[PDB]
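**Q** Input input.pdb, format and content: PDB, C-alpha atoms.
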MODEL        1
ATOM      1  CA  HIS A 100     221.213 178.570  69.980  1.00  0.00           C
ATOM      2  CA  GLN A 101     224.295 177.757  68.067  1.00  0.00           C
ATOM      3  CA  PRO A 102     227.737 176.407  68.881  1.00  0.00           C
ATOM      4  CA  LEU A 103     231.052 178.106  68.318  1.00  0.00           C
ATOM      5  CA  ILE A 104     234.800 177.560  67.924  1.00  0.00           C
ATOM      6  CA  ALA A 105     237.775 179.642  69.011  1.00  0.00           C
ATOM      7  CA  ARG A 106     240.249 180.357  66.240  1.00  0.00           C
ATOM      8  CA  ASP A 107     243.759 181.760  65.984  1.00  0.00           C
ATOM      9  CA  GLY A 108     245.536 184.252  63.782  1.00  0.00           C
ATOM     10  CA  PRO A 109     244.135 187.273  61.982  1.00  0.00           C
ATOM     11  CA  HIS A 110     240.426 186.743  61.408  1.00  0.00           C
ATOM     12  CA  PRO A 111     237.323 188.313  62.611  1.00  0.00           C
ATOM     13  CA  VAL A 112     236.547 187.032  66.108  1.00  0.00           C
ATOM     14  CA  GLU A 113     233.384 184.944  66.183  1.00  0.00           C
ATOM     15  CA  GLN A 114     230.326 185.750  68.279  1.00  0.00           C
ATOM     16  CA  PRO A 115     227.701 183.147  69.163  1.00  0.00           C
ATOM     17  CA  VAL A 116     224.658 183.345  66.899  1.00  0.00           C
ATOM     18  CA  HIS A 117     221.149 182.705  68.092  1.00  0.00           C
ATOM     19  CA  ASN A 118     218.423 182.289  65.510  1.00  0.00           C
ATOM     20  CA  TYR A 119     214.814 183.053  66.202  1.00  0.00           C
ATOM     21  CA  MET A 120     212.604 181.424  63.629  1.00  0.00           C
ATOM     22  CA  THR A 121     208.836 181.057  63.669  1.00  0.00           C
ATOM     23  CA  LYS A 122     206.613 178.645  61.667  1.00  0.00           C
ATOM     24  CA  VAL A 123     202.910 179.361  61.067  1.00  0.00           C
ATOM     25  CA  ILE A 124     200.200 176.639  61.210  1.00  0.00           C
ATOM     26  CA  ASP A 125     198.276 175.586  58.085  1.00  0.00           C
ATOM     27  CA  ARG A 126     194.608 174.753  57.636  1.00  0.00           C
ATOM     28  CA  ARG A 127     192.828 171.778  56.104  1.00  0.00           C
ATOM     29  CA  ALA A 128     189.585 169.830  56.424  1.00  0.00           C
ATOM     30  CA  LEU A 129     188.023 166.475  55.587  1.00  0.00           C
ATOM     31  CA  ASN A 130     184.700 165.756  53.883  1.00  0.00           C
ATOM     32  CA  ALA A 131     182.394 162.770  54.018  1.00  0.00           C
ATOM     33  CA  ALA A 132     178.781 162.603  53.110  1.00  0.00           C
ATOM     34  CA  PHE A 133     175.898 160.323  53.444  1.00  0.00           C
ATOM     35  CA  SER A 134     172.450 160.416  52.035  1.00  0.00           C
ATOM     36  CA  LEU A 135     168.971 159.546  52.996  1.00  0.00           C
ATOM     37  CA  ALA A 136     165.983 159.006  50.792  1.00  0.00           C
ATOM     38  CA  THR A 137     162.503 160.203  50.403  1.00  0.00           C
ATOM     39  CA  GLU A 138     161.145 156.891  51.667  1.00  0.00           C
ATOM     40  CA  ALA A 139     163.655 156.835  54.557  1.00  0.00           C
ATOM     41  CA  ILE A 140     162.801 160.375  55.671  1.00  0.00           C
ATOM     42  CA  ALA A 141     159.187 159.238  55.737  1.00  0.00           C
ATOM     43  CA  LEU A 142     160.114 156.065  57.596  1.00  0.00           C
ATOM     44  CA  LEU A 143     162.651 157.595  60.006  1.00  0.00           C
ATOM     45  CA  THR A 144     160.218 160.158  61.278  1.00  0.00           C
ATOM     46  CA  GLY A 145     156.620 159.097  61.603  1.00  0.00           C
ATOM     47  CA  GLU A 146     155.098 159.583  58.205  1.00  0.00           C
ATOM     48  CA  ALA A 147     154.552 156.241  56.562  1.00  0.00           C
ATOM     49  CA  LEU A 148     153.490 153.906  59.307  1.00  0.00           C
TER      50      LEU A 148
ATOM     51  CA  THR B   3     135.393 165.018  69.069  1.00  0.00           C
ATOM     52  CA  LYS B   4     137.485 161.968  68.037  1.00  0.00           C
ATOM     53  CA  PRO B   5     136.815 159.722  65.004  1.00  0.00           C
ATOM     54  CA  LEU B   6     136.172 156.042  64.147  1.00  0.00           C
ATOM     55  CA  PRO B   7     139.068 156.073  61.576  1.00  0.00           C
ATOM     56  CA  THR B   8     141.859 157.330  63.800  1.00  0.00           C
ATOM     57  CA  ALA B   9     144.937 157.236  61.569  1.00  0.00           C
ATOM     58  CA  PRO B  10     143.609 159.826  59.143  1.00  0.00           C
ATOM     59  CA  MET B  11     143.190 162.539  61.832  1.00  0.00           C
ATOM     60  CA  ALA B  12     146.398 162.398  63.855  1.00  0.00           C
ATOM     61  CA  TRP B  13     147.926 163.712  60.635  1.00  0.00           C
ATOM     62  CA  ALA B  14     144.932 165.934  59.855  1.00  0.00           C
ATOM     63  CA  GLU B  15     144.463 167.376  63.352  1.00  0.00           C
ATOM     64  CA  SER B  16     148.194 168.186  63.323  1.00  0.00           C
ATOM     65  CA  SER B  23     161.205 166.606  63.035  1.00  0.00           C
ATOM     66  CA  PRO B  24     162.000 163.307  64.770  1.00  0.00           C
ATOM     67  CA  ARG B  25     164.853 163.017  62.267  1.00  0.00           C
ATOM     68  CA  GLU B  26     166.268 166.343  63.459  1.00  0.00           C
ATOM     69  CA  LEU B  27     165.838 164.884  66.945  1.00  0.00           C
ATOM     70  CA  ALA B  28     167.668 161.773  65.757  1.00  0.00           C
ATOM     71  CA  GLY B  29     170.004 164.134  63.909  1.00  0.00           C
ATOM     72  CA  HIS B  30     171.315 165.847  67.021  1.00  0.00           C
ATOM     73  CA  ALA B  31     171.154 162.452  68.750  1.00  0.00           C
ATOM     74  CA  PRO B  32     174.024 160.708  66.904  1.00  0.00           C
ATOM     75  CA  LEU B  33     175.844 163.949  66.048  1.00  0.00           C
ATOM     76  CA  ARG B  34     175.423 166.312  68.989  1.00  0.00           C
ATOM     77  CA  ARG B  35     174.801 163.908  71.883  1.00  0.00           C
ATOM     78  CA  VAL B  36     177.983 162.118  70.810  1.00  0.00           C
ATOM     79  CA  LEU B  37     180.990 163.630  72.603  1.00  0.00           C
ATOM     80  CA  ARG B  38     184.483 164.468  71.328  1.00  0.00           C
ATOM     81  CA  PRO B  39     183.886 162.826  67.964  1.00  0.00           C
ATOM     82  CA  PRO B  40     185.449 162.071  65.714  1.00  0.00           C
ATOM     83  CA  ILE B  41     188.707 160.226  65.403  1.00  0.00           C
ATOM     84  CA  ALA B  42     189.204 157.332  67.782  1.00  0.00           C
ATOM     85  CA  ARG B  43     191.659 156.073  70.315  1.00  0.00           C
ATOM     86  CA  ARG B  44     192.396 152.363  70.290  1.00  0.00           C
ATOM     87  CA  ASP B  45     191.451 150.307  73.346  1.00  0.00           C
ATOM     88  CA  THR B  76     149.117 196.081  84.651  1.00  0.00           C
ATOM     89  CA  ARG B  77     146.020 194.224  83.811  1.00  0.00           C
ATOM     90  CA  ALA B  78     145.926 194.841  80.023  1.00  0.00           C
ATOM     91  CA  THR B  79     149.039 196.985  79.382  1.00  0.00           C
ATOM     92  CA  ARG B  80     151.243 194.599  81.321  1.00  0.00           C
ATOM     93  CA  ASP B  81     149.686 191.704  79.524  1.00  0.00           C
ATOM     94  CA  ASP B  82     150.476 193.370  76.195  1.00  0.00           C
ATOM     95  CA  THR B  83     154.138 194.033  76.988  1.00  0.00           C
ATOM     96  CA  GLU B  84     154.698 190.518  78.183  1.00  0.00           C
ATOM     97  CA  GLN B  85     153.077 189.118  75.081  1.00  0.00           C
ATOM     98  CA  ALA B  86     155.184 191.219  72.713  1.00  0.00           C
ATOM     99  CA  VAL B  87     158.359 190.019  74.394  1.00  0.00           C
ATOM    100  CA  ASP B  88     157.066 186.456  74.319  1.00  0.00           C
ATOM    101  CA  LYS B  89     156.074 186.752  70.673  1.00  0.00           C
ATOM    102  CA  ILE B  90     159.674 187.567  70.204  1.00  0.00           C
ATOM    103  CA  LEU B  91     160.087 184.331  72.172  1.00  0.00           C
ATOM    104  CA  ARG B  92     158.254 181.951  69.844  1.00  0.00           C
ATOM    105  CA  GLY B  93     159.292 183.697  66.645  1.00  0.00           C
ATOM    106  CA  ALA B  94     162.842 183.439  67.982  1.00  0.00           C
ATOM    107  CA  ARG B  95     162.268 179.756  68.809  1.00  0.00           C
ATOM    108  CA  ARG B  96     161.979 178.913  65.097  1.00  0.00           C
ATOM    109  CA  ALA B  97     163.530 180.036  61.801  1.00  0.00           C
ATOM    110  CA  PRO B 106     158.516 181.172  51.624  1.00  0.00           C
ATOM    111  CA  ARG B 107     154.865 181.599  50.461  1.00  0.00           C
ATOM    112  CA  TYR B 108     154.818 185.357  50.925  1.00  0.00           C
ATOM    113  CA  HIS B 109     156.926 188.477  50.156  1.00  0.00           C
ATOM    114  CA  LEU B 110     156.018 192.013  50.971  1.00  0.00           C
ATOM    115  CA  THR B 111     157.469 195.023  49.293  1.00  0.00           C
ATOM    116  CA  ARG B 112     156.853 198.334  50.925  1.00  0.00           C
ATOM    117  CA  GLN B 113     157.073 201.779  49.506  1.00  0.00           C
ATOM    118  CA  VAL B 114     156.222 205.425  50.163  1.00  0.00           C
ATOM    119  CA  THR B 115     154.577 207.495  47.412  1.00  0.00           C
ATOM    120  CA  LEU B 116     152.095 210.310  46.908  1.00  0.00           C
ATOM    121  CA  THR B 117     148.364 210.091  46.281  1.00  0.00           C
TER     122      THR B 117
ENDMDL
END
If you convert what's in this file into structure tokens, what do you get?
**A**
Amino acid sequence: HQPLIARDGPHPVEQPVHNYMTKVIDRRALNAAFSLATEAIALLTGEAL
Amino acid sequence: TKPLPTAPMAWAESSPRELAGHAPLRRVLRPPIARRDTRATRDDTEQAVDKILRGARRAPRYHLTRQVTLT
């Protein structure tokens, strides 16, 4: 909501101005990755014991 | 009825990573980022619904095509 000043003389009289803006949210992500191995898969579960 | 050489049949007569998968991932909470500091008929109906149970509890070597034609 915006300020204002009274002025003299011939002019157009001022009226307070209210602005009504609206931003919109953006979208992103983040990636990481890790790997296993064929031996690991076999070791992590029971396969090679 | 059980062997002498046991290790070869536990695999023959018959995962834990997916169990360990949900374990770190799913069991973990609010991650990530961190803050410092009716005899037979009844039996049949029940079984059909159940079959939908098991087949809907899980999930490729087969494909079926089907078609209608004349003789």
**Q** Compile a residue-level contact table for chain B against chain A at a cut-off of 9 Å, reporting for every qualifying residue the shortest atom pair and its distance in Å to one decimal, with all atoms listed in the file counted, rows ordered by chain and ascending number, as a tab-separated table.
**A**
residue	atom	partner	partner_atom	distance
B:13	CA	A:146	CA	8.6
B:23	CA	A:144	CA	6.8
B:24	CA	A:144	CA	5.0
B:25	CA	A:144	CA	5.5
B:26	CA	A:144	CA	8.9
B:28	CA	A:143	CA	8.7
**Q** Save out the residues we just selected, C-alpha atoms, as an mmCIF file, keeping the file's coordinate frame.
**A**
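Result file selection25.cif:
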data_model
loop_
_atom_site.group_PDB
_atom_site.id
_atom_site.type_symbol
_atom_site.label_atom_id
_atom_site.label_comp_id
_atom_site.auth_asym_id
_atom_site.auth_seq_id
_atom_site.Cartn_x
_atom_site.Cartn_y
_atom_site.Cartn_z
ATOM 1 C CA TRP B 13 147.926 163.712 60.635
ATOM 2 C CA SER B 23 161.205 166.606 63.035
ATOM 3 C CA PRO B 24 162.000 163.307 64.770
ATOM 4 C CA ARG B 25 164.853 163.017 62.267
ATOM 5 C CA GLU B 26 166.268 166.343 63.459
ATOM 6 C CA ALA B 28 167.668 161.773 65.757
#
**Q** Counting only C-alpha atoms, figure out which residue out of A:103, A:129, A:136, A:116 gets nearest to residue 41 of chain B.
**A**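 Once distances to residue 41 of chain B are computed over only C-alpha atoms, the minimum belongs to A:129.
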**Q** Distance cut-off 8 Å, centre (224.5, 181.2, 66.7) in file coordinates, counting all atoms listed in the file: which residues qualify? Return them as a ChimeraX atom specification.
**A** /A:100-103,114-118
**Q** Mind pulling up the distance from atom CA of residue 34 of chain B to atom CA of residue 12 of chain B?
**A**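 Here the two named atoms are 29.7 Å from each other.
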**Q** Enter the distance from atom CA of residue 109 of chain B to atom CA of residue 137 of chain A, in Å, rounded to one decimal.
**A** 28.8 Å
**Q** Please measure the separation of atom CA of residue 33 of chain B and atom CA of residue 91 of chain B, giving the value in Å to one decimal.
**A** 26.5 Å
